[PDB]
Each structure stands twice: as C-alpha cells, then as structure tokens.
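Next up: a single chain in structure tokens, the form deposited in one PDB entry.
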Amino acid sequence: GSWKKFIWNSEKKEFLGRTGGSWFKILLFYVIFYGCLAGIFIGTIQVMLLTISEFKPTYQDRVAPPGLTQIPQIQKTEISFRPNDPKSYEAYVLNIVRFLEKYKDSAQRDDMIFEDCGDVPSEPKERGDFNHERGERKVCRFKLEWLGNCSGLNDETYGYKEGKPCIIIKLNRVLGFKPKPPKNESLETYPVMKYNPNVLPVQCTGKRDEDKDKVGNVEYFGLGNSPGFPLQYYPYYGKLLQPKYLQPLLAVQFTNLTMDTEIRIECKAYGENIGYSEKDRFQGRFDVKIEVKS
C-alpha cells in the first residue's frame, strides 16, 4: 500500500522507487546542469554590462521632465497636528532635521570639493564633458541661512510649535538636465510674479476656489528675491563625478492658515522644459493637504 510498498520497499532497497546510485546519478546531473546554467547567465550579464557607460545612462526618456517633491515625507499628502501638543508634530520636525544635516556649514568646509559660488542667481555652470576626462568635479555650496525663518538657526521646530508650518520644496535630480525658465513676452506663464532670467519660478496656490480664500498668506524663502530654483547648481553630473552634491531648496511658510479645516494646496514650477501629466500627480507639480487643529 502507501505504507510499505511505495515509500520503502526494501526487497530491492528503494526509497520512492530509486536505489542509492539511481539517486546519486540524477542529483549529480542536476547540480552540474544548474551550475552550467548559472555560468551562462553570469557570462551573458557581464557581456551586457560591458556596453553600459558608467557616466551617463543609455536612455533618459522616462525621467524626462523631473518631479517636484516636499521634504516632510508625509503619508497621503496630509499634514495634521495640534500646535499646543509637542507629540503630534514630532515626526515632521524629526524628518526635517534629518534632511538638512548635510546643509550645515560644518559639513561644507572642504576646499578641494566645495566652492563658494555666487550670491545672486546666475547662469548654469558647464564643467566639461561626461567622461572622467577631468576626474571628480566641484560643487557649488548652499547656505542654510537663505532658508530664513525655516532654517534651524532660530526656533528648532520650524514653525510647527507656533501654528504656521513650513515645507522645503526640491526638484528631482536628472543627470545633465538644465531647466529653462519661461521666456519674456511679459505674458507667457501665469499669472504674474517677479521675472528673473536665472530663476526657475515656483508658485504655491490654493487648489479649489474655496481654498483660495482660506490658505492665507504665503512666504517664500530662498536664494535671491524671486521665488524659485537658481540655475547655478543645475548641470548635475552624477554621483560618480559629483558625490556631496547639494541641490537647491526653496522654503515655503504658511503664516495665516485658518483653523479646523483641511486645506488643499498645489505647488507648481514653470518652464519651457517642465511638463505636466494627468496620470503622474508629481511631475513638475505636487499637491498637499494641511489641517491645523485647534
């Protein structure tokens, strides 16, 4: 039966229909076969990797307009806290503190790597070509003091203790990408802000019509006077040619929100290069929902 006949019929010394040598020979065949397949797989992977350039990817069409993100890494684009409760905004302030670690001036004091760049937004910096033909490149350095009233050299809660919260907006790193700000016809973009030919402009407004009258005043902090990304930093060369690269940031503070209402806010960059999408709700644009309970 299934007790003694099929498992361990021992008049011919067989376990599941096979002797000892009939087990050994098929196991040796299978380990040799799978070893040869693993060898062929590793060899074809290495011959494929010999076609890959280590300074620039082969295709860059799937990151072709970059994305816009904000630094308190939240879970459903929601920010909800009570300002007289130092446990509700703890994860927000801790995430902001862990991000701005490498922006402190005690981390940018090498001089063979960092360099004092300008103080006005300027033209992009071309450092040559992508081919190690000049080894490691230098990085313009970003002062934390330019994020004023949203840096840490003040109150250490970034505004969350006193009502008014603040977010840090950044653009996704794309290798070799230079953003083009919108050209002057004095009309083109929307609606009106202070035009600079060396700033990629960024605006944060209310989403619906009922949120435009409830978001209150908005403050921008960054390099310069006009709110956006300065173009000095922007030809990024990769983490092989530029480790310790610091991308420029833009701080946005909401000083006069209304209480006990979930407010929906859209932030958006404008350029000739910046594209949008109805399927990707983070391409060149993002949305956030802020509620301050009191």
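Only the largest set of C-alpha atoms that superpose within 1.5 Å between the two forms is called the rigid core. When you see a residue number, it is the position in the sequence shown, counting from 1.
From this point on, the text means the form deposited in another entry, which you will not see here.
- Of the residues checked (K194, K102, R109, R208), the rigid-core alignment between this form and the one not shown shows a Cα shift of at least 2 Å for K194 alone.
- With the core held fixed between this form and the one not shown, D129 has its Cα displaced by under 2 Å.
- In a rigid-core overlay of the protein, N9 has its C-alpha displaced by at least 2 Å between this form and the one not shown.
- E185 is among the residues whose C-alpha shifts by 2 Å or more between this form and the one not shown once the rigid core is aligned.
- Distance between the C-alpha atoms of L68 and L187: shorter by at least 3 Å in the other form than in the displayed form.
- Relative to this form, the distance between the C-alpha atoms of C204 and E188 is reduced by at least 3 angstroms in the other form.
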